Amino acid sequence: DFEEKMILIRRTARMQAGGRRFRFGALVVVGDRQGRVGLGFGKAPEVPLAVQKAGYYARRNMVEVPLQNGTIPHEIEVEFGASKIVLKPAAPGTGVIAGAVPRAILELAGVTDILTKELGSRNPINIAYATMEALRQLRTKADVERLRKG
Amino acid sequence: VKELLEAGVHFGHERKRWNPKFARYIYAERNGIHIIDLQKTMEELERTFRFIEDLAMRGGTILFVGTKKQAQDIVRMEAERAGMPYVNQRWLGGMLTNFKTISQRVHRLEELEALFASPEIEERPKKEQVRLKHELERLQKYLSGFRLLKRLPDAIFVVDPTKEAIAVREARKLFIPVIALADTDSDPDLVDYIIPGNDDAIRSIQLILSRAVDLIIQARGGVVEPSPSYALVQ
Amino acid sequence: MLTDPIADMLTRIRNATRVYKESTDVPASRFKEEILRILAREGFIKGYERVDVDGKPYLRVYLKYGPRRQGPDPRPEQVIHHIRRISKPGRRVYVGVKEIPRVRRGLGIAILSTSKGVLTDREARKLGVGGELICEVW
RNA sequence: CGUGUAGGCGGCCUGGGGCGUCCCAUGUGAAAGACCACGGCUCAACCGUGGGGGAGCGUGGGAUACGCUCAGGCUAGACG
RNA sequence: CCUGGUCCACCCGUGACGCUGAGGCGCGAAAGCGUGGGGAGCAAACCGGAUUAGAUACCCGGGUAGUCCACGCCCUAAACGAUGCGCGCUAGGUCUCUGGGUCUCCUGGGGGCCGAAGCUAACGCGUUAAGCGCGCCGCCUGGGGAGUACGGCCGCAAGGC
Ligand SMILES: [Mg+2]
Ligand SMILES: [Mg+2]
Ligand SMILES: [Mg+2]
Ligand SMILES: [Mg+2]
Ligand SMILES: [Mg+2]
Ligand SMILES: [Mg+2]
Ligand SMILES: [Mg+2]
Ligand SMILES: [Mg+2]
Ligand SMILES: [Mg+2]
Ligand SMILES: [Mg+2]
Ligand SMILES: [Mg+2]
Ligand SMILES: [Mg+2]
Ligand SMILES: [Mg+2]
Ligand SMILES: [Mg+2]
Ligand SMILES: [Mg+2]
Ligand SMILES: [Mg+2]
Ligand SMILES: [Mg+2]
Ligand SMILES: [Mg+2]
Ligand SMILES: [Mg+2]
Ligand SMILES: [Mg+2]
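Chains as they are written, first to last, in our numbering: chain A, 1 to 150; chain B, 1001 to 1234; chain C, 2001 to 2138.
Given below as structure tokens:
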């Protein structure tokens, strides 16, 4: 059990002789605020269901966010295909400045100080994936020089 | 004793249908065939066993997989001869990755296993008898060895990893350690513990399945003679 | 005909590692040395030796990568994830010492030539100098 | 689609110059505003004082890796 | 007969003499224009027969330019790989053209297919990159208005830029 905030829900649809059917989708983030965050996309014949599935994959696919003073170790850009993201660490006592997606994630990421910017496609979904893969790709003075042993 | 064994008739396979990643594992191309370097297969058969041993003796089960007619039976043996889960038939997908559910088919084998020996058969029209029978038949056909442990195998041993790569994927997506006997036909990189050698002629298959299932029980006690292999073996 | 031999090297390197490879051989030069002599001194390579391929003097450069990995795509993390040249041949970039970049928040290096040798972001700041910001690595 | 004028871009080594480039010093960069402090009006706006900076540019000295120039060599480009 | 480019082999010569390239110049399918030939087949236009509500079409019978040639213009195109050029680097599999070798094999240039890694919105690309890099040129900046108007230059004109 973690935080579990729900990024967005959408009613998609497909055609077929007679009429149009539907389906709902769910981006959901999840966190303890100790540096453990999870993103999950859930689609199901019903709104309630979808969100359920959301948390489930979320709890399945999470990542260690190497905080520091409540912020982030270093700065990063990440393109996920079309949608880019800027993560830049802020001094103690700034605030988490980002759009619904990158914040909603970064909040339960346990961050507080972090400058950010969406770029390229601002597709929620695709920004989401960006935000994670960004995080994932974070390093600390530690695990850095850990690779520069010899 | 190993050198003379393998080198005897159990090395060098696939030719020019290769895959460049399998380079550090080759001596040359004789008469067209790719002849793997055996001297390294030792150093690798070693480390592999180093892993088997340090698992056999820590009481963790190993899933065996082979679906090719050149190596099906010779695994159904070494598996029963180790009392380990195995897969002889069509390695159905998601068996590991979607365990909870494929398992529900096992709980259907025993749903019929117990409604085999029973007085409920005095009834059931000739319809359900042909049906429920057939249903147990195939259930069995594919799940003879996929019962054993109702838990995620601590690792998996496999013949041609490029053949049942589907499997390898499942294991890989679950972090389940993977050992397998791959040749040039197979890409090394994606195998945790690597057995570089023939993957078709029943020769090399028995030689590495044997001494693998042999080194299995040699961490439980009960050293025996080799297992059923020759019956029409060439 | 190679316009900027370095951004070549720099790329040779970059390219070799994407597939993870023993070494690779930038054609040699005292400056390509000097630069390499810092990737290694800073722990991005194992190092490098001088070699030959038909009287032609290159630089065997031994790459460094991470530990294997569990899960799918067990391919190692990179010791050199990112390496992109600055101060290019079609647009030299220079810098005063106060103008010197603070790569990746300390986690990175900004190699750069100067009048007192090919320093680094810290080496320059400390030595109190600037010059042709050669490239950024991390 | 070619050809090529101007221009932009320039392989390996040695040395001279030191134009770019880098550092130091000094002059300049008025004040007012801005910014950091301090106080003056009951606060504040306004307002006084003090400090700290500003790329630029002139001058003097220094550095010589990279760029330029001049000089010598090489043959992996190119040409024959 | 005259002549261009181009690959290979020997490592001989020159010693960076390179790459790109605004303007400029040259070339530039078809149709089209001028002068003069040529004219069988085909064939815009045009004439008839059908079809058709009509049929200034599709199908049929005819037929002039033109299609050919020489010389001079015109300078456009789905002028297409809709992919500027040069160079370095980044798995292989396969068949194919054409070179060289102490020729079941290797190596060099070219043309295809499948595909590592990687790029990609996807489709796909992938040592013939749409990968990873540097140089230089060209070009884009919502649709229609419109490649229109005006001006300018070019052209006999059509018309082009
Ligand atoms: Mg992009
Ligand atoms: Mg020129
Ligand atoms: Mg000077
Ligand atoms: Mg002032
Ligand atoms: Mg000479
Ligand atoms: Mg040219
Ligand atoms: Mg023409
Ligand atoms: Mg014509
Ligand atoms: Mg005419
Ligand atoms: Mg007709
Ligand atoms: Mg006719
Ligand atoms: Mg075409
Ligand atoms: Mg065009
Ligand atoms: Mg061009
Ligand atoms: Mg070819
Ligand atoms: Mg292809
Ligand atoms: Mg190829
Ligand atoms: Mg238009
Ligand atoms: Mg027009
Ligand atoms: Mg006009």
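All C-beta atoms, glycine included, are put in the ideal place defined by N, C-alpha and C.
- Within chain C, no residue has its CB atom less than 7 Å from the CB of residue 60/A, the nearest being about 13 Å off.
- Under the Cβ distance rule, residue 2074/C counts among the residues neighbouring chain B, one pair being separated by less than 8 Å.
- Just measuring C-alpha positions, the residue of 2005/C, 2028/C and 2032/C sitting nearest residue 2117/C is 2032/C.
- Taking a contact as a CB-CB distance under 8 Å, the pair residue 36/A and residue 65/A counts as one, their CB atoms being some 7 Å apart.
- At a cut-off of 8 Å between beta carbons, residue 2078/C makes no contact with chain B.
- The secondary-structure analysis by DSSP pairs residue 1008/B with nothing; it has no beta-bridge partner.
- Annotated three-state conformation of residue 1084/B is coil, per DSSP.
- Interface with chain C (8 Å Cβ-Cβ cutoff): residue 1173/B is included.
- Taken in chain order, the members of the segment 63-93 of chain A whose beta-carbon sits within less than 8 Å of a beta-carbon on chain C are 73, 74, 75 and 89.
- Secondary structure of residue 2136/C (DSSP, three-state): strand.
- With contacts defined by Cβ atoms closer than 8 Å, residue 149/A and residue 116/A do not form a contacting pair.
- The Cβ of residue 2104/C sits closer than 8 Å to at least one Cβ of chain A.
- Contact between the segment 1083-1102 of chain B and the segment 1168-1177 of chain B is established, with three or more Cβ pairs separated by less than 8 Å.
- In its chain, beyond the 5 residues on either side, 2, 30, 38 and 40 have a beta carbon closer than 8 Å to the beta carbon of residue 59/A.
- Residue 1184/B places its beta carbon less than 8 Å from that of residue 1022/B.
- Within chain C, the residues placing a beta-carbon under 9 Å from that of residue 148/A are 2042, 2043, 2044, 2064 and 2079, ordered along the chain.
- Our two residues, residue 2131/C and residue 2103/C, have alpha carbons roughly 16 Å apart in a direct line.
- Around the beta carbon of residue 1100/B, a 10 Å sphere encloses fewer than 16 other beta carbons of the protein chains shown; the residue is thus reported as exposed.
- Looking at the backbone, the Cα of residue 1119/B and that of residue 1090/B are separated by about 34 Å.
- Residue pairing by DSSP places residue 96/A opposite 114/A in a beta bridge.
- Selection 100/A, 84/A, 22/A and 8/A evaluated against residue 118/A yields 84/A as nearest (Cα-Cα).
- CA-CA distance, residue 2125/C to residue 2097/C, rounds to 6 Å.
- By alpha-carbon distance to residue 1013/B, the top candidate from 1003/B, 1002/B, 1031/B and 1036/B is 1036/B.
- Note: residue 79/A is bridge-paired with 84/A in the DSSP secondary-structure output.
- Using a Cβ-Cβ cut-off of 8 Å, residue 1109/B does not count as an interface residue toward chain C, since no Cβ of chain C sits closer than that to its own.
- Against chain C, the CB of residue 36/A has no partner CB under 8 Å away; the residue lies outside that interface.
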